[PDB]
Amino acid sequence: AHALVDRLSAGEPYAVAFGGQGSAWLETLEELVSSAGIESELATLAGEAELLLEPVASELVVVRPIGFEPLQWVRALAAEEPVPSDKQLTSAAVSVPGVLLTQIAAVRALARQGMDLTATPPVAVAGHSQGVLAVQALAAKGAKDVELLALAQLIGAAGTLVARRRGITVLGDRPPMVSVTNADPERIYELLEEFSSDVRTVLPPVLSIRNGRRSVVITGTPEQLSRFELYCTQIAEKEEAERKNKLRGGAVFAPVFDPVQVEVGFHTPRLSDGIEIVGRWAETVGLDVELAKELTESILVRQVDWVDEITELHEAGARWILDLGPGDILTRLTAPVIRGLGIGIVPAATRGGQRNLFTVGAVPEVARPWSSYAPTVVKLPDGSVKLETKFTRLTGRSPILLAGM
Amino acid sequence: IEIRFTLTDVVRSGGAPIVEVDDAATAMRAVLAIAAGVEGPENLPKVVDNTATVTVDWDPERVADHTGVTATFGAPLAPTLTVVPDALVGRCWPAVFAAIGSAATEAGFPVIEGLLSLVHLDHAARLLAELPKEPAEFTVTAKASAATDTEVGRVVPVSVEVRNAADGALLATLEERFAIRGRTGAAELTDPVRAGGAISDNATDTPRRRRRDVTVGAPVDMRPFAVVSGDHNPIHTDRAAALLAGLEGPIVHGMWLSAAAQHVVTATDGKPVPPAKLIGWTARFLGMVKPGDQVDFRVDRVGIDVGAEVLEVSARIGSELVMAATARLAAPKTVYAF
Amino acid sequence: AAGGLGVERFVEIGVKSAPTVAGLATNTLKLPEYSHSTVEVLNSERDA
């Protein structure tokens, strides 16, 4: 008896969200296996992973051997001794498929208890970065499940072959993925355009993710990103001399800059040679569906305008959003984005938020629709008009006062 | 691919109930020939005659795979070059092996060589003052300088010349010496004796300087390096062949280690600028290495040759010495003002 | 910058004259060169 699903059926609508790369997936996958009492799905998913690689008529010569049997690494990690380094596990080749498996296993978990109820109905299914993959075949029939993992195996593979990290330095530390805070999307692109003016077409930084109002993410070659890092520092310091003059228009900006743990540039032209190869990799497999070409471009080259997409499905008035992404990523990214517009969001595979899911009474978490506190008009016995607010209601007077002077 | 063998029994001699076919050596060769070359590369030299490598092209993804196969971060290491001099060994590998047997081996040697008994002694890359670069094509020549036998077995030093196709000049010289353990000869005789040195005209002497304390993991499986390098030897892959050869296990490629310790010397004393700095490297394999191995390397600054710093490297897994390495490195580039 | 920015060493010679144009370089390495580069300022007098 799941109230939300029961709500979902008669009452308020729902939307599925899938997280992308940079989710710290392995520790979630390790826990998900340990927290799993049902191995039934993992039997077929492991076999089809073995199968689908063999018939491949696509090039895929380098990829298949560097691919690893998922069942072995898990059982090893369950003996508590074996596991490769985080640097090896975070590489797109083995990471991208593993992230989806964590998400797919996260789908099954809820589907175990309540399936008759916990079956299909979202309004829409949306995804982030490589998360758009697992979105597609979840909306398709169940035989398409590995096709995600199959395409993910292909996505991270070509992306790795085409472009991979050639250097890293403890300071910052410097990745292909960079994030700046507090600064306008226009201002960030300005400094971006200011710096990109000085560099060749081969290594420009570009805006990848716009996470919110003043929070963005710019990406490119780690070295060139480190150069953009220099200009923002100089401006920060020159504006410091401004702030200490005690002037507001003449005040320093207080942004927050710091890199990310992501190993390789995504949504950049540096992955452009990867699209083609990936496309052929799908058609040489039984993966044929017409969106394999569109997903790749969205993931590899085309940027992700995120806030606007999940908001669009949100402005459709769908009250609920779940995220089956590893750890939980994009569940909390979306929350202050929407905040008080009526949306509320439970991380999926999180025990606290799942406690809501499985009960009749603990379900209805619905974040406050600010319009709920919107002022109203009041009449009185002598017939005075009163503008109603949380202030007026208490005091019984107009919501205006002459402050102590 | 299948390998066949044959036995013969004469029980008149009870202590020798089994005596097995003398065609074994020639029979073993035909098996290796099918697997190794598959008649894919073909030139037909006798051991003395030059072994030619037709044409070789370096893709940017072959740069990445090798630099990704061996990586160093925790020590502030930043690999930079178009082609690491370690990448030379991948080009010259399939040609060198062809010289391991011959009529000159038929004359003075029994031609008894277990391939499982093959032991790599030393490997070195000497530069002609040219360094490898981007897309320009390479063509390699391999020659056997000598064929020697030792108290511990048969040794075949192999000289290798790497040339840029488009330009048509010799860029580098690669040196390999292999040890088969069962043979004796009148060709070249050595008891304990072999020697090699990296030497230069103008030299300066220095004092021992500790540079870096290195921590290097060995790969989980040896197949990834086997694919890139072109070394298909079942010793490093198949457990049945490794056990048959009487080995501790699926031994890590000594060649991977060679690029492993090098990549550190490349980035550490070499600093964020390795490319024009290391003009040569030599590597000696002291002991065998199993996968999943935590190995500690230490490079020191010893002396100076031709304005290039010499750097000595020692390797230890616990108490055991593993690799002895030495490299010629140019100093961090200097700009003078008066 | 056009030929690559990797590690550079700046050495001044002439013995006791060495600290000067190095100190000239040092302060110059600070103000325009704030880009965080690995650079070594060496003097014949001081840094021998």
# chains A, B, ... in the order shown; residues from 1 in each chain; ligands from 1
call {"tool": "select_by_dssp", "arguments": {"residues": "stretch 244-313 of chain A", "states": "helix (DSSP H, G or I)", "output": "PDB file with N, CA, C and O atoms, in the first residue's frame"}}
result
ATOM      1  N   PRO A 269      32.856  20.093 -27.870  1.00  0.00           N
ATOM      2  CA  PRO A 269      33.288  19.739 -29.229  1.00  0.00           C
ATOM      3  C   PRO A 269      34.479  18.777 -29.261  1.00  0.00           C
ATOM      4  O   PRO A 269      34.752  18.185 -30.303  1.00  0.00           O
ATOM      5  N   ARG A 270      35.186  18.640 -28.145  1.00  0.00           N
ATOM      6  CA  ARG A 270      36.308  17.712 -28.056  1.00  0.00           C
ATOM      7  C   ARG A 270      35.830  16.266 -28.201  1.00  0.00           C
ATOM      8  O   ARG A 270      36.614  15.364 -28.503  1.00  0.00           O
ATOM      9  N   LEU A 271      34.538  16.051 -27.972  1.00  0.00           N
ATOM     10  CA  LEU A 271      33.941  14.730 -28.134  1.00  0.00           C
ATOM     11  C   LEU A 271      33.304  14.534 -29.511  1.00  0.00           C
ATOM     12  O   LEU A 271      32.662  13.515 -29.756  1.00  0.00           O
ATOM     13  N   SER A 272      33.470  15.511 -30.399  1.00  0.00           N
ATOM     14  CA  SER A 272      32.795  15.490 -31.702  1.00  0.00           C
ATOM     15  C   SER A 272      33.102  14.271 -32.575  1.00  0.00           C
ATOM     16  O   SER A 272      32.241  13.813 -33.328  1.00  0.00           O
ATOM     17  N   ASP A 273      34.321  13.755 -32.483  1.00  0.00           N
ATOM     18  CA  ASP A 273      34.711  12.588 -33.269  1.00  0.00           C
ATOM     19  C   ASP A 273      34.107  11.315 -32.687  1.00  0.00           C
ATOM     20  O   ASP A 273      34.125  10.261 -33.320  1.00  0.00           O
ATOM     21  N   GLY A 274      33.566  11.429 -31.478  1.00  0.00           N
ATOM     22  CA  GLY A 274      32.981  10.299 -30.782  1.00  0.00           C
ATOM     23  C   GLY A 274      31.566   9.971 -31.218  1.00  0.00           C
ATOM     24  O   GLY A 274      31.157   8.812 -31.169  1.00  0.00           O
ATOM     25  N   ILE A 275      30.821  10.988 -31.648  1.00  0.00           N
ATOM     26  CA  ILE A 275      29.423  10.807 -32.042  1.00  0.00           C
ATOM     27  C   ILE A 275      29.261   9.776 -33.151  1.00  0.00           C
ATOM     28  O   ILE A 275      28.504   8.813 -33.007  1.00  0.00           O
ATOM     29  N   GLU A 276      29.967   9.998 -34.257  1.00  0.00           N
ATOM     30  CA  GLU A 276      29.951   9.097 -35.406  1.00  0.00           C
ATOM     31  C   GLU A 276      30.181   7.645 -35.001  1.00  0.00           C
ATOM     32  O   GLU A 276      29.327   6.786 -35.227  1.00  0.00           O
ATOM     33  N   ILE A 277      31.347   7.386 -34.419  1.00  0.00           N
ATOM     34  CA  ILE A 277      31.732   6.046 -33.988  1.00  0.00           C
ATOM     35  C   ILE A 277      30.677   5.393 -33.093  1.00  0.00           C
ATOM     36  O   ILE A 277      30.324   4.233 -33.295  1.00  0.00           O
ATOM     37  N   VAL A 278      30.170   6.143 -32.117  1.00  0.00           N
ATOM     38  CA  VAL A 278      29.125   5.644 -31.223  1.00  0.00           C
ATOM     39  C   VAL A 278      27.872   5.227 -31.993  1.00  0.00           C
ATOM     40  O   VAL A 278      27.284   4.180 -31.718  1.00  0.00           O
ATOM     41  N   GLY A 279      27.482   6.045 -32.966  1.00  0.00           N
ATOM     42  CA  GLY A 279      26.307   5.773 -33.776  1.00  0.00           C
ATOM     43  C   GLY A 279      26.366   4.434 -34.488  1.00  0.00           C
ATOM     44  O   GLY A 279      25.391   3.682 -34.489  1.00  0.00           O
ATOM     45  N   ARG A 280      27.513   4.135 -35.088  1.00  0.00           N
ATOM     46  CA  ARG A 280      27.709   2.868 -35.784  1.00  0.00           C
ATOM     47  C   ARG A 280      27.755   1.714 -34.796  1.00  0.00           C
ATOM     48  O   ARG A 280      27.391   0.583 -35.124  1.00  0.00           O
ATOM     49  N   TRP A 281      28.212   2.005 -33.583  1.00  0.00           N
ATOM     50  CA  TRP A 281      28.322   0.995 -32.542  1.00  0.00           C
ATOM     51  C   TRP A 281      26.948   0.463 -32.129  1.00  0.00           C
ATOM     52  O   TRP A 281      26.827  -0.679 -31.698  1.00  0.00           O
ATOM     53  N   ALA A 282      25.923   1.299 -32.261  1.00  0.00           N
ATOM     54  CA  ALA A 282      24.555   0.913 -31.912  1.00  0.00           C
ATOM     55  C   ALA A 282      23.844   0.110 -33.005  1.00  0.00           C
ATOM     56  O   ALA A 282      23.073  -0.805 -32.713  1.00  0.00           O
ATOM     57  N   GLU A 283      24.100   0.467 -34.261  1.00  0.00           N
ATOM     58  CA  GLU A 283      23.402  -0.137 -35.393  1.00  0.00           C
ATOM     59  C   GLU A 283      23.926  -1.537 -35.706  1.00  0.00           C
ATOM     60  O   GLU A 283      23.248  -2.338 -36.352  1.00  0.00           O
ATOM     61  N   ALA A 292      19.131   6.777 -30.587  1.00  0.00           N
ATOM     62  CA  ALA A 292      20.538   6.540 -30.271  1.00  0.00           C
ATOM     63  C   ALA A 292      21.423   7.641 -30.846  1.00  0.00           C
ATOM     64  O   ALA A 292      22.474   7.966 -30.292  1.00  0.00           O
ATOM     65  N   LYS A 293      20.985   8.211 -31.963  1.00  0.00           N
ATOM     66  CA  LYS A 293      21.702   9.296 -32.617  1.00  0.00           C
ATOM     67  C   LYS A 293      21.508  10.608 -31.864  1.00  0.00           C
ATOM     68  O   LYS A 293      22.428  11.417 -31.757  1.00  0.00           O
ATOM     69  N   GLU A 294      20.301  10.808 -31.339  1.00  0.00           N
ATOM     70  CA  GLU A 294      19.964  12.040 -30.636  1.00  0.00           C
ATOM     71  C   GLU A 294      20.532  12.071 -29.219  1.00  0.00           C
ATOM     72  O   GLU A 294      20.986  13.117 -28.751  1.00  0.00           O
ATOM     73  N   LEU A 295      20.502  10.927 -28.540  1.00  0.00           N
ATOM     74  CA  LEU A 295      21.052  10.828 -27.193  1.00  0.00           C
ATOM     75  C   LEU A 295      22.537  11.163 -27.185  1.00  0.00           C
ATOM     76  O   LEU A 295      23.002  11.935 -26.351  1.00  0.00           O
ATOM     77  N   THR A 296      23.268  10.574 -28.126  1.00  0.00           N
ATOM     78  CA  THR A 296      24.709  10.770 -28.234  1.00  0.00           C
ATOM     79  C   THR A 296      25.088  12.244 -28.361  1.00  0.00           C
ATOM     80  O   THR A 296      25.954  12.732 -27.635  1.00  0.00           O
ATOM     81  N   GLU A 297      24.429  12.948 -29.276  1.00  0.00           N
ATOM     82  CA  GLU A 297      24.688  14.371 -29.481  1.00  0.00           C
ATOM     83  C   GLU A 297      24.378  15.182 -28.227  1.00  0.00           C
ATOM     84  O   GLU A 297      25.112  16.105 -27.878  1.00  0.00           O
ATOM     85  N   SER A 298      23.286  14.829 -27.554  1.00  0.00           N
ATOM     86  CA  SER A 298      22.892  15.509 -26.327  1.00  0.00           C
ATOM     87  C   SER A 298      23.921  15.280 -25.228  1.00  0.00           C
ATOM     88  O   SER A 298      24.246  16.192 -24.469  1.00  0.00           O
ATOM     89  N   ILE A 299      24.421  14.052 -25.140  1.00  0.00           N
ATOM     90  CA  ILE A 299      25.412  13.701 -24.128  1.00  0.00           C
ATOM     91  C   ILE A 299      26.832  14.148 -24.484  1.00  0.00           C
ATOM     92  O   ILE A 299      27.522  14.754 -23.663  1.00  0.00           O
ATOM     93  N   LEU A 300      27.264  13.853 -25.708  1.00  0.00           N
ATOM     94  CA  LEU A 300      28.653  14.095 -26.102  1.00  0.00           C
ATOM     95  C   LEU A 300      28.987  15.534 -26.515  1.00  0.00           C
ATOM     96  O   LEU A 300      30.030  16.063 -26.129  1.00  0.00           O
ATOM     97  N   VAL A 307      17.951  23.353 -15.937  1.00  0.00           N
ATOM     98  CA  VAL A 307      16.915  24.051 -15.196  1.00  0.00           C
ATOM     99  C   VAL A 307      15.653  24.175 -16.030  1.00  0.00           C
ATOM    100  O   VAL A 307      14.576  23.833 -15.569  1.00  0.00           O
ATOM    101  N   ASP A 308      15.802  24.595 -17.283  1.00  0.00           N
ATOM    102  CA  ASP A 308      14.653  24.797 -18.160  1.00  0.00           C
ATOM    103  C   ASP A 308      13.888  23.522 -18.542  1.00  0.00           C
ATOM    104  O   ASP A 308      12.678  23.575 -18.756  1.00  0.00           O
ATOM    105  N   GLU A 309      14.570  22.383 -18.623  1.00  0.00           N
ATOM    106  CA  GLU A 309      13.878  21.146 -18.996  1.00  0.00           C
ATOM    107  C   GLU A 309      13.034  20.546 -17.864  1.00  0.00           C
ATOM    108  O   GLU A 309      11.820  20.406 -18.011  1.00  0.00           O
ATOM    109  N   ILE A 310      13.663  20.185 -16.748  1.00  0.00           N
ATOM    110  CA  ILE A 310      12.915  19.633 -15.618  1.00  0.00           C
ATOM    111  C   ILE A 310      11.880  20.621 -15.054  1.00  0.00           C
ATOM    112  O   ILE A 310      10.893  20.214 -14.442  1.00  0.00           O
ATOM    113  N   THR A 311      12.103  21.914 -15.278  1.00  0.00           N
ATOM    114  CA  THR A 311      11.129  22.941 -14.910  1.00  0.00           C
ATOM    115  C   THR A 311       9.933  22.895 -15.854  1.00  0.00           C
ATOM    116  O   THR A 311       8.793  23.108 -15.441  1.00  0.00           O
ATOM    117  N   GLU A 312      10.202  22.614 -17.125  1.00  0.00           N
ATOM    118  CA  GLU A 312       9.148  22.556 -18.132  1.00  0.00           C
ATOM    119  C   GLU A 312       8.160  21.443 -17.816  1.00  0.00           C
ATOM    120  O   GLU A 312       6.946  21.634 -17.901  1.00  0.00           O
ATOM    121  N   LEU A 313       8.687  20.282 -17.443  1.00  0.00           N
ATOM    122  CA  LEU A 313       7.856  19.170 -17.010  1.00  0.00           C
ATOM    123  C   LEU A 313       7.248  19.489 -15.646  1.00  0.00           C
ATOM    124  O   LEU A 313       6.211  18.941 -15.274  1.00  0.00           O
TER     125      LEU A 313
END
call {"tool": "interface_residues", "arguments": {"of": "chain A", "to": "chain C", "cutoff": "12 Å", "atoms": "only C-alpha atoms", "output": "MDAnalysis selection string"}}
result
chainID A and resid 171:172 198:200 223:235 237
call {"tool": "write_last_selection", "arguments": {"atoms": "N, CA and C atoms", "output": "CSV table (one decimal), in the first residue's frame"}}
result
chain,number,residue,atom,x,y,z
A,171,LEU,N,46.8,20.9,-7.1
A,171,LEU,CA,46.3,22.2,-6.8
A,171,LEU,C,45.0,22.4,-7.6
A,172,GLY,N,43.9,22.7,-6.8
A,172,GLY,CA,42.6,23.1,-7.3
A,172,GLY,C,41.5,22.0,-7.3
A,198,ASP,N,41.9,34.4,-26.7
A,198,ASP,CA,43.3,34.2,-26.7
A,198,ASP,C,43.8,32.8,-27.1
A,199,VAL,N,42.9,31.9,-27.3
A,199,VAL,CA,43.2,30.5,-27.5
A,199,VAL,C,42.7,29.9,-28.9
A,200,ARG,N,43.4,28.9,-29.3
A,200,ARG,CA,43.0,28.2,-30.6
A,200,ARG,C,41.7,27.5,-30.6
A,223,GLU,N,44.0,22.3,-18.9
A,223,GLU,CA,45.0,23.4,-18.9
A,223,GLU,C,44.4,24.7,-19.2
A,224,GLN,N,43.5,24.7,-20.3
A,224,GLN,CA,42.9,26.0,-20.7
A,224,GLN,C,41.9,26.5,-19.7
A,225,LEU,N,41.2,25.5,-19.0
A,225,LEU,CA,40.3,25.9,-17.9
A,225,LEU,C,41.1,26.5,-16.8
A,226,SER,N,42.3,26.1,-16.6
A,226,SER,CA,43.2,26.6,-15.5
A,226,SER,C,43.6,28.0,-15.8
A,227,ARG,N,43.6,28.4,-17.1
A,227,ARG,CA,43.9,29.7,-17.6
A,227,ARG,C,42.8,30.7,-17.3
A,228,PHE,N,41.5,30.2,-17.6
A,228,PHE,CA,40.4,31.0,-17.3
A,228,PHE,C,40.3,31.3,-15.8
A,229,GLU,N,40.8,30.3,-15.0
A,229,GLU,CA,40.9,30.4,-13.6
A,229,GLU,C,41.7,31.6,-13.1
A,230,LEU,N,42.7,32.0,-14.0
A,230,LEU,CA,43.6,33.1,-13.6
A,230,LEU,C,42.9,34.5,-13.7
A,231,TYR,N,42.1,34.7,-14.8
A,231,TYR,CA,41.5,36.0,-15.0
A,231,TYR,C,40.5,36.3,-13.9
A,232,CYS,N,39.7,35.2,-13.5
A,232,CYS,CA,38.7,35.4,-12.4
A,232,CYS,C,39.4,35.7,-11.1
A,233,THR,N,40.6,35.2,-10.9
A,233,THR,CA,41.3,35.5,-9.7
A,233,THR,C,41.8,37.0,-9.6
A,234,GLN,N,42.3,37.5,-10.8
A,234,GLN,CA,42.8,38.8,-10.9
A,234,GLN,C,41.6,39.8,-10.6
A,235,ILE,N,40.5,39.6,-11.2
A,235,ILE,CA,39.3,40.4,-11.1
A,235,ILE,C,38.8,40.4,-9.6
A,237,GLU,N,40.7,40.0,-7.0
A,237,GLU,CA,41.6,40.8,-6.2
A,237,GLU,C,41.5,42.3,-6.5
call {"tool": "closest_atom_pairs", "arguments": {"of": "chain C", "to": "chain B", "cutoff": "12 Å", "atoms": "only C-alpha atoms", "output": "tab-separated table"}}
result
residue	atom	partner	partner_atom	distance
C:4	CA	B:273	CA	10.1
C:5	CA	B:273	CA	9.5
C:6	CA	B:273	CA	5.9
C:7	CA	B:273	CA	6.2
C:8	CA	B:333	CA	5.3
C:9	CA	B:334	CA	4.4
C:10	CA	B:335	CA	4.8
C:11	CA	B:336	CA	5.0
C:12	CA	B:337	CA	5.1
C:13	CA	B:338	CA	5.8
C:14	CA	B:338	CA	6.8
C:15	CA	B:338	CA	10.0
C:16	CA	B:338	CA	11.2
C:17	CA	B:338	CA	8.2
C:18	CA	B:338	CA	7.8
C:19	CA	B:338	CA	10.8
C:20	CA	B:338	CA	9.9
C:21	CA	B:337	CA	7.7
C:22	CA	B:337	CA	8.6
C:24	CA	B:337	CA	11.2
C:25	CA	B:337	CA	10.2
C:37	CA	B:272	CA	11.0
C:38	CA	B:272	CA	9.0
C:39	CA	B:332	CA	9.9
C:40	CA	B:334	CA	9.0
C:41	CA	B:335	CA	9.7
C:42	CA	B:336	CA	9.6
C:43	CA	B:337	CA	10.0
C:44	CA	B:338	CA	10.6
call {"tool": "write_last_selection", "arguments": {"atoms": "C-alpha atoms", "output": "CSV table (one decimal), in the first residue's frame"}}
result
chain,number,residue,atom,x,y,z
C,4,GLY,CA,54.4,26.3,-25.0
C,5,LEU,CA,54.5,27.5,-21.4
C,6,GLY,CA,56.3,24.5,-19.7
C,7,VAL,CA,59.0,24.9,-17.1
C,8,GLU,CA,61.5,27.7,-17.5
C,9,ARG,CA,64.7,28.5,-15.6
C,10,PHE,CA,66.0,32.1,-15.4
C,11,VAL,CA,69.7,32.4,-14.6
C,12,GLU,CA,71.7,35.6,-14.1
C,13,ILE,CA,75.4,35.5,-14.5
C,14,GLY,CA,78.3,37.9,-13.6
C,15,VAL,CA,78.4,37.0,-9.9
C,16,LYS,CA,77.4,39.9,-7.6
C,17,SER,CA,75.5,41.5,-10.5
C,18,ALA,CA,73.1,38.5,-10.6
C,19,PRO,CA,70.6,39.6,-7.9
C,20,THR,CA,69.6,42.7,-9.8
C,21,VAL,CA,67.8,41.8,-13.0
C,22,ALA,CA,66.5,38.7,-11.3
C,24,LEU,CA,63.7,42.9,-11.7
C,25,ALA,CA,62.3,39.6,-13.1
C,37,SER,CA,53.5,29.4,-13.5
C,38,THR,CA,56.4,27.2,-12.3
C,39,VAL,CA,59.4,29.4,-12.8
C,40,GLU,CA,62.9,29.4,-11.2
C,41,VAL,CA,64.9,32.6,-10.6
C,42,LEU,CA,68.5,31.7,-10.1
C,43,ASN,CA,71.5,34.0,-9.4
C,44,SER,CA,75.2,33.2,-10.0
call {"tool": "closest_residue", "arguments": {"among": "B:74, B:157, B:307, B:275", "to": "chain A", "atoms": "only C-alpha atoms"}}
result
B:74
call {"tool": "residues_around", "arguments": {"residues": "residue B:144", "least_positions_apart": "6", "cutoff": "9 Å", "atoms": "only C-alpha atoms", "output": "PyMOL selection string"}}
result
chain B and resi 47-51+96+99-100+156-160
call {"tool": "write_last_selection", "arguments": {"atoms": "N, CA and C atoms", "output": "compact mmCIF listing (two decimals), in the first residue's frame"}}
result
# COMPACT_ATOMS: atom_id res chain seq x y z
N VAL B 47 69.12 -14.87 -39.67
CA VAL B 47 69.36 -14.07 -38.46
C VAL B 47 70.32 -12.89 -38.69
N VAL B 48 71.35 -13.11 -39.49
CA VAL B 48 72.32 -12.06 -39.79
C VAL B 48 71.69 -11.01 -40.70
N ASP B 49 70.87 -11.48 -41.64
CA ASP B 49 70.19 -10.59 -42.58
C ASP B 49 69.21 -9.69 -41.85
N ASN B 50 69.10 -8.45 -42.31
CA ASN B 50 68.25 -7.44 -41.66
C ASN B 50 66.78 -7.81 -41.64
N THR B 51 66.13 -7.52 -40.52
CA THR B 51 64.70 -7.70 -40.37
C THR B 51 64.00 -6.35 -40.51
N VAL B 96 61.73 -7.94 -33.96
CA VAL B 96 62.83 -8.46 -33.14
C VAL B 96 62.74 -9.97 -32.91
N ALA B 99 64.29 -13.00 -35.10
CA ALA B 99 65.72 -13.30 -35.13
C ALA B 99 66.13 -14.37 -34.13
N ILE B 100 65.18 -14.81 -33.31
CA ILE B 100 65.46 -15.74 -32.21
C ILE B 100 65.91 -17.14 -32.68
N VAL B 156 70.59 -13.40 -27.15
CA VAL B 156 70.56 -12.77 -28.46
C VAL B 156 70.31 -11.26 -28.38
N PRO B 157 71.39 -10.46 -28.32
CA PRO B 157 71.28 -9.00 -28.41
C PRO B 157 70.73 -8.56 -29.76
N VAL B 158 69.75 -7.67 -29.75
CA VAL B 158 69.11 -7.20 -30.97
C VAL B 158 69.15 -5.69 -31.10
N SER B 159 69.71 -5.21 -32.21
CA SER B 159 69.77 -3.77 -32.48
C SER B 159 68.61 -3.35 -33.37
N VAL B 160 68.03 -2.20 -33.07
CA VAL B 160 66.85 -1.73 -33.78
C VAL B 160 66.97 -0.26 -34.18
call {"tool": "residues_around", "arguments": {"residues": "residue B:93", "least_positions_apart": "5", "cutoff": "10 Å", "atoms": "only C-alpha atoms", "output": "PyMOL selection string"}}
result
chain B and resi 53+88+98+140+142+160+176+229-231
call {"tool": "residues_around", "arguments": {"residues": "stretch 182-194 of chain A", "least_positions_apart": "2", "cutoff": "9 Å", "atoms": "only C-alpha atoms", "output": "list in words"}}
result
residues 180, 196, 197, 198, 204, 205, 206, 207, 210, 213, 214, 215, 216, 218, 228, 231, 232, 253, 254, 255 and 256 of chain A
call {"tool": "write_last_selection", "arguments": {"atoms": "N, CA, C and O atoms", "output": "compact mmCIF listing (two decimals), in the first residue's frame"}}
result
# COMPACT_ATOMS: atom_id res chain seq x y z
N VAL A 180 31.75 27.69 -11.49
CA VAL A 180 31.83 29.00 -10.85
C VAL A 180 30.49 29.35 -10.22
O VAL A 180 29.43 29.02 -10.76
N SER A 196 38.68 32.87 -24.34
CA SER A 196 38.62 32.09 -25.57
C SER A 196 39.14 32.88 -26.77
O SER A 196 39.52 32.31 -27.79
N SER A 197 39.15 34.21 -26.63
CA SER A 197 39.72 35.07 -27.65
C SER A 197 41.21 34.82 -27.82
O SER A 197 41.77 35.02 -28.89
N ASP A 198 41.86 34.37 -26.74
CA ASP A 198 43.31 34.21 -26.73
C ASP A 198 43.79 32.79 -27.06
O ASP A 198 45.00 32.54 -27.10
N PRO A 204 38.99 25.41 -26.81
CA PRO A 204 38.18 26.43 -26.13
C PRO A 204 37.42 25.86 -24.93
O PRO A 204 36.94 24.73 -25.00
N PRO A 205 37.30 26.64 -23.85
CA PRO A 205 36.32 26.27 -22.82
C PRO A 205 34.93 26.73 -23.23
O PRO A 205 34.81 27.74 -23.92
N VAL A 206 33.90 26.01 -22.80
CA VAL A 206 32.52 26.39 -23.11
C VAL A 206 31.62 26.16 -21.91
O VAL A 206 31.99 25.46 -20.97
N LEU A 207 30.43 26.76 -21.94
CA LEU A 207 29.45 26.55 -20.89
C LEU A 207 28.73 25.22 -21.12
O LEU A 207 28.10 25.02 -22.15
N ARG A 210 24.17 24.90 -16.89
CA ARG A 210 23.69 26.02 -16.10
C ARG A 210 22.83 25.41 -15.00
O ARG A 210 21.71 24.98 -15.24
N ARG A 213 20.43 30.05 -11.13
CA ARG A 213 20.53 31.47 -11.45
C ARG A 213 21.98 31.91 -11.64
O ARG A 213 22.42 32.17 -12.76
N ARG A 214 22.72 31.99 -10.54
CA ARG A 214 24.10 32.46 -10.58
C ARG A 214 25.15 31.34 -10.56
O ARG A 214 26.35 31.61 -10.55
N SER A 215 24.70 30.09 -10.54
CA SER A 215 25.61 28.95 -10.52
C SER A 215 25.70 28.28 -11.89
O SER A 215 24.69 27.82 -12.44
N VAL A 216 26.91 28.22 -12.45
CA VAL A 216 27.11 27.60 -13.75
C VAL A 216 28.26 26.60 -13.73
O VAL A 216 28.95 26.45 -12.72
N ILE A 218 31.48 25.52 -16.45
CA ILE A 218 32.18 25.66 -17.72
C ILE A 218 33.19 24.52 -17.87
O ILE A 218 33.79 24.08 -16.90
N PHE A 228 41.55 30.20 -17.57
CA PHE A 228 40.36 30.97 -17.27
C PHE A 228 40.33 31.26 -15.78
O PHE A 228 39.87 32.32 -15.34
N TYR A 231 42.15 34.70 -14.76
CA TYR A 231 41.49 35.98 -14.96
C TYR A 231 40.47 36.27 -13.87
O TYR A 231 40.36 37.40 -13.39
N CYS A 232 39.72 35.24 -13.47
CA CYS A 232 38.71 35.39 -12.43
C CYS A 232 39.35 35.74 -11.09
O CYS A 232 38.76 36.44 -10.27
N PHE A 253 33.17 41.38 -5.90
CA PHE A 253 32.29 40.24 -6.06
C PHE A 253 32.83 39.14 -5.17
O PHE A 253 34.04 39.03 -4.98
N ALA A 254 31.94 38.34 -4.61
CA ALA A 254 32.37 37.22 -3.78
C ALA A 254 31.90 35.92 -4.41
O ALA A 254 30.99 35.27 -3.89
N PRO A 255 32.53 35.52 -5.52
CA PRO A 255 32.08 34.30 -6.17
C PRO A 255 32.71 33.11 -5.47
O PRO A 255 33.52 33.28 -4.57
N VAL A 256 32.34 31.91 -5.89
CA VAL A 256 32.98 30.71 -5.38
C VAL A 256 33.46 29.88 -6.55
O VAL A 256 32.65 29.32 -7.30
call {"tool": "interface_residues", "arguments": {"of": "chain A", "to": "chain B", "cutoff": "7 Å", "atoms": "only C-alpha atoms", "output": "PyMOL selection string"}}
result
chain A and resi 66+161-162+164+166-170
call {"tool": "select_by_dssp", "arguments": {"residues": "stretch 33-152 of chain B", "states": "strand (DSSP E or B)", "output": "PyMOL selection string"}}
result
chain B and resi 51-56+119-127+138-144+148-149
call {"tool": "residues_around", "arguments": {"residues": "residue B:136", "least_positions_apart": "3", "cutoff": "10 Å", "atoms": "only C-alpha atoms", "output": "PyMOL selection string"}}
result
chain B and resi 56-59+132-133+164-167
call {"tool": "residues_around", "arguments": {"residues": "residue B:41", "least_positions_apart": "4", "cutoff": "10 Å", "atoms": "only C-alpha atoms", "output": "list in words"}}
result
residues 36, 37, 52, 53, 54, 94 and 95 of chain B
